[PDB]
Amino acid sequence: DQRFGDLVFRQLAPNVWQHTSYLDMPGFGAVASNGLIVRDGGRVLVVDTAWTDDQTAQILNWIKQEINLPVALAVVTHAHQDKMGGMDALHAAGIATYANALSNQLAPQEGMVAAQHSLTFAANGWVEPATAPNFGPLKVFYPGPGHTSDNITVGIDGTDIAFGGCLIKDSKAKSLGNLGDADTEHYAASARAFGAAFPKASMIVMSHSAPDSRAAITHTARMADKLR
């Protein structure tokens, strides 16, 4: 891994990196959150911010130094602080941001800054192609309510990488994390829907653990089964 300031960057694939920021919270110590950086021709795409604006500014600083390509857009995967805490750094830099319309509607209640554009989804969970233009390899899929009602997921076309955000925990997790905003009744089906939407993704990236195999999907579903 490459440490840059207080953030960590790990190359996952020729054009894909995972960014990691930490937030020190009393009683738990530093808590990592993961997002994605994707190079696509002559532009860069970002999945999720860091915990804060200052940390999210360091993501763009690392991009300028290590990739040196303009950041075309960013997608944030729900209105929990580890995913949208740094929206201002993106907007300050002039970067177009996209989120589930539900996430932008929930944002002020969550103390988050809403994205500048809203994504809507068909009944099968796939993004309406009109609302996700020029996304390149970013394939956005809404699995259904799980970790939150608005949580979305992103597969990376041309790779074996799919990003489950906070919906998916790794195979060695012993809880489903924060269920304060969770839909305990549809969580398991939402997790399996993510698995079905990207059936051939072998590397599963998630918010709060190192990249896992597809076991993380199945494991997460079966811990969510015990909540019904």
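So that there is no doubt, residue numbering starts at 1 and follows the sequence shown.
Undergrad: On average, are the C-alpha B-factors higher in 23-31 or in 199-207?
TA: Mean C-alpha B-factor is greater for 23-31.
Undergrad: Between 71-79 and 129-137, name whichever shows the higher mean Cα B factor according to the PDB entry.
TA: Looking at the recorded C-alpha B-factors, 129-137 comes out higher on average.
Undergrad: Looking at the C-alpha B-factor values in the deposited entry, which of 85, 155, 94, 143 comes out highest?
TA: Of 85, 155, 94, 143, 94 has the highest C-alpha B-factor.
Undergrad: By the recorded C-alpha temperature factor, relative to the other modelled residues in its chain, which third is residue 48 in?
TA: Lowest third.
Undergrad: Please rank the C-alpha B-factors of the chain's modelled residues and tell me whether residue 109 sits in the lowest, middle or highest third.
TA: Top third by C-alpha B-factor.
Undergrad: Test of reading the entry: by CA B factor among the chain's modelled residues, which third contains residue 63?
TA: Tercile = middle for this residue's CA B-factor.
Undergrad: Relative to the other modelled residues in the chain, which third contains the C-alpha temperature factor of residue 220: lowest, middle or highest?
TA: Its C-alpha B-factor belongs to the middle third of this chain's values.
Undergrad: Going by the recorded CA B-factors, say which third of the chain residue 11 sits in, lowest, middle or highest.
TA: Tercile = highest for this residue's CA B-factor.
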